[PDB]
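First come two forms of one protein chain, each written alone as structure tokens, so that there is a structure 1 and a structure 2.
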Structure 1
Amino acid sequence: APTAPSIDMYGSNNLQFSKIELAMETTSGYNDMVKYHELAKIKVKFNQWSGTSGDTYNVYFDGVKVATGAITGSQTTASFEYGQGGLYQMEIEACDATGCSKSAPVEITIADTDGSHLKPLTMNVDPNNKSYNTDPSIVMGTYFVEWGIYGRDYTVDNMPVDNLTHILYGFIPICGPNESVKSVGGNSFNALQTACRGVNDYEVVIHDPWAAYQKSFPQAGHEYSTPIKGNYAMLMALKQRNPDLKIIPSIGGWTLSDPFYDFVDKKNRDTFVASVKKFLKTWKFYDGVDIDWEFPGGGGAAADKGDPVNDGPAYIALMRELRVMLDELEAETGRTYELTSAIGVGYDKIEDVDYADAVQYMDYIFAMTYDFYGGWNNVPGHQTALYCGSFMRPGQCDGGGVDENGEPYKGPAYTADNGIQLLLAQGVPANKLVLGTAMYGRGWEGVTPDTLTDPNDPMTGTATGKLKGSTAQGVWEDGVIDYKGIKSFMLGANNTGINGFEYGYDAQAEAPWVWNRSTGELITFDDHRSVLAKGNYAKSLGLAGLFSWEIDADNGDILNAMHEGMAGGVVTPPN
């Protein structure tokens, strides 16, 4: 027989192969950092210094022949292509007429962006997240933010994945006009400019490649030379742990919606949709796309953008065209892809899209039932309430009344039910609607007792400015505080108030607040009670389920209540 091949491990990249090439120690344009191959190029060097070398080699993976070629003297390079990621026991055999001899087996890794080479992620979840047996039909969604791995120190292995059906990954930008990003300050706009160098306008990119795929996370077993790292490698490993989980990239959001206003021109939609198809071929752990245009018709971060006539038809066409594209991927891969969107629920947002048309293309609508009131002005109110609060004036709820100055309300008040009923009334199916819950509060200072028109209700007072605090308190920007910060700094473990705060609840609205009457600090948020109320509202209307913004800000209480309030329920999945 020929002499047995001896594999040159260091001449063969230590048998580490990847279908994706990712730049690691630089930051450049997306097309120069990320290169995907449908087939991995495998090259394995071996030698046969003694004896006879033979004529032909065969490569085996787990005892199955995967490649063959010619032997070239005493040193040979086996070169072949292979599509399926994984870890395999490789042998190389040399053959002639006399017989065959084979190497010892050695593990080869073929990395792919489905995580097929990875073991299930090891989790590190706060034990306050409890276990439930919610029916698998109901949506239990959350948004994980790319930048949460910095000061917020919240990583993929912290997510209570057994309590989630859908993870929406916030946020993938679109190259093009993005002045709104400058409102974040810091490096955000300039990082986008770098990502978009060499990229056509209206194509998607990764905003922060360090967070997405370069940073080594030791809890994930990464080392510097691992070929895929960051959040994305952790999501791939999470998908091996929980294969029925859906992970969906979120395009847009408040600061990254400016390019959508150019989708009135179909050419720009075509460019965008093609780029999304490429993205989903590159990053196989993703299961669809979520479009978070804030908002058709305007009213978002860009005060100079919005077209009430033309943006709705553009939105619908986008959905049409995305669903054509996703059907191409389902034909090509055999998988199921979802198309979703998060939408505004003020009457003035909903009136600018004919959702009876759009929703036929969509799996789910994540209704943004939060941010109804907040620190952008000095008017208290319930930011995430189901129904109209006591503080509202006569005819404010339904919009038929007049304000304190005698000026007509322009439409129904900002509540979750007013928006859900406008969507239902034009024919959006309940079982495609997902109701939002807030894992944060918004708040004010200066709401002292002398400003209240009803002494029992701080929502009738007036503010002097935003809530101020530190990042240790969960105050990452003025006027906004993580729920886990409200629980540590204002509620306490027994939920009866600490630090000078008192707890109250508007039973009509289904909305909690905490108020420090000495500082006039007032915070509107979702709590156990209001989230139970949202779950029972969702059961009563036959909504698809609940989702939450944003998962790093919870301590377990909000997601627990989401499942609590859904107990016993099932829903028809969209088909």
Structure 2
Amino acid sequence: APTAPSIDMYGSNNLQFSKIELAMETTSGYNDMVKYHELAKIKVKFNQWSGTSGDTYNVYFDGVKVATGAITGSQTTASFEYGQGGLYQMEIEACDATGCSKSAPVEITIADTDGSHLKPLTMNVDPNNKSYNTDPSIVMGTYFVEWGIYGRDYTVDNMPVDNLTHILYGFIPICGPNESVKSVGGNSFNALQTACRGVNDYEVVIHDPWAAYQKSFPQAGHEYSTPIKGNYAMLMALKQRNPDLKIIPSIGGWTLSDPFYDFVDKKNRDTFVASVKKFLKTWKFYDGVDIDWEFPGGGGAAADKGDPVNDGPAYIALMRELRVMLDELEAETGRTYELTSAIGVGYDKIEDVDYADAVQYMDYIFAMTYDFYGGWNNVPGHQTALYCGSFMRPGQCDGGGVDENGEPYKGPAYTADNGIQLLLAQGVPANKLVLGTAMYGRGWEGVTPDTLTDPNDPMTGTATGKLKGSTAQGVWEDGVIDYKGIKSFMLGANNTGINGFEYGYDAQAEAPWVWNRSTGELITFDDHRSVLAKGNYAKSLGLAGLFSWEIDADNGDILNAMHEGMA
């Protein structure tokens, strides 16, 4: 027998190989930065410096032959290709007429985007997140935002993964018209323009590749040579810890919806659907697609956009066309893919789409039962209430009434229940509807006692402007505040109110507030009680379950209440 091969670790790139090639130190077009190969190129050097080297070699992964070739004297390079990611015990065997000799086994790493090659992610979750025994058939969803790793300092390993069925990753942009992105900033718009260089309009790209796959997270054990890093590598490792977890990319949202209005032309839908198929094959940890078009018919960031006649049919056709594509992927891979959408629940939004038609192609509708009122104007209201609040005028709840100035309420008020009922009224099955909880508040200032029409209800007052605060308080944008900020800075440990604030609750609407009478600061949010009410509502109607926006803003209280209400 020949001398047993000695595998050359140093000369073989430390046995680290990858199906994906990702730019780490530059920023350019998506197709320039991201290169996916169906087979990883494997190059293993070995030596047989003493005795006979033999005629041929065999390469084994976990005792199974994967490659063969000729020995070239006392130093041989074994080159081959491999289409499956993972960690394998590799042996290299040398053979001649007398027999064969196997090397010592050594671990080879082949990176793929399913995370097969990765150990379960090490978690660092706030212990306030409690343990539950929620029925696994109940949707318990949340949004994780790409940009949350910056100021918000909220990373993948912070997510209470055991308390979640679905993680929606916000947000995936579509190349094309994107003027609304400028409302976030020039930097964000420029990032998107850079990502879209050498990319056809209406194709998907990664907005922030630094956050997505470049940034080294030490808690994930990322090193200079690690082929996949950032949030994406961490989500891959998360899937290894929780293999039943569904991770779904969310396309669009408030500032990334502009290209959706061009989907009235099927040619653009064709381009989009094809790019999503490619995206899902490239990033294998993803379990389907979430469409967050805000909104068919208009009413989104771009005030001028919207086709009330053609957007609904385009939306239905998109769902049908995505489902056809996902079915293709299911046949090719043996996997199951989900198709979802986050939708507006105001009467004016729902009426622009036949959801009974659209939903036949969809697994879930994430009903965005929040943002009903906010600092965009001086009108206080419950931003995420279940029912009609005390502040609402006669005829406001169901519509048909008139406001304080005499202008007609053209449709039902913005509440969670009104939205759900309008969807059911179209004939949408309850078991496809997912009810939304808010992990943040919206707020005003200047709502002082003298502005109230009902002295016991600050929701009847009038504001002078938006809520202001620091990022330490969870105020990243004026008029918006993390729930964990509200708890730490307005509610306090006993929810009795701190720093000048009092707690209140509209028992009818199922909606909490905190109110500082002196400054007139007023915040509308979800708390334990209102979330329980939502959970009880979901059970009663046989809804699919609950979802939340956004997990980084929770301290555990909201997701805790979600599970406790679904019990």
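All residue numbers here follow the sequence of structure 1, with the first residue given the number 1. Heads up, when I say rigid core I mean the largest set of C-alphas that superpose within 1.5 Å between the two forms.
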Specify which of 460, 215, 37, 52 corresponds to the hinge in the chain, comparing the rigid parts between structure 1 and structure 2. 37
Can you give the angle, in degrees, through which the smaller rigid part turns between structure 1 and structure 2? 11
Rigid-core-superposed Cα shift at residue 545 between structure 1 and structure 2, Å: 0.5
On a rigid core superposition, how far has the CA of residue 58 moved between structure 1 and structure 2, in Å, if you could check? 1.0
Cα shift of residue 77 between structure 1 and structure 2 after core superposition, in Å? 2.5
